[PDB]
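The chain below stands alone and is given as structure tokens, in the form deposited in one PDB entry.
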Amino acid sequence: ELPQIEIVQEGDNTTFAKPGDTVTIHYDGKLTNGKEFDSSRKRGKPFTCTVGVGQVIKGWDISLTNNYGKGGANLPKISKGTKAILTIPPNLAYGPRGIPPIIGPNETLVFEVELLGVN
């Protein structure tokens, strides 16, 4: 149903991504065991995508858009400049199948995310 969000750093709290908005982020992808599958920084650029439109895993879409603007209980809003940890259950990520050998079947994913800008 819903991902888990923890706020490392608060952001302006006025600019929020909306579905179909563009966002730019820095991120860390780790499995629960602490081993890293993807990272923007090591790639060498921040990552820009369209959120809320199924262009990224559902857990990102929910987190970045605050559940498509509906919101949820215990879903803190994420705003420009926010730094957070996102814990995403497999159905909000790559599912029962996974994407082997990159990500195994039924994996929860932990993301360190910083929202640099919206649109």
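Quick note: we count residues from 1 along the sequence shown, nothing fancier.
The same protein also exists as the form deposited with a small molecule bound; that form is not shown, yet it is the one meant from here on.
Site residues 7, 16 and 114 are none of them in contact with the small molecule in the deposited bound form, judged by any heavy atom within 4.5 Å. In the deposited bound form, the small molecule lies farther than 4.5 Å from every heavy atom of residue 32.
Using a 4.5 angstroms limit between non-hydrogen atoms, residue 68 is distant from the small molecule in the deposited bound form. By the criterion of a heavy atom within 4.5 Å, residue 93 is counted among the residues contacting the small molecule in the deposited bound form. Mapping the unseen interface onto this chain, residue 56 counts among the residues with a heavy atom inside 4.5 Å of the small molecule in the deposited bound form.
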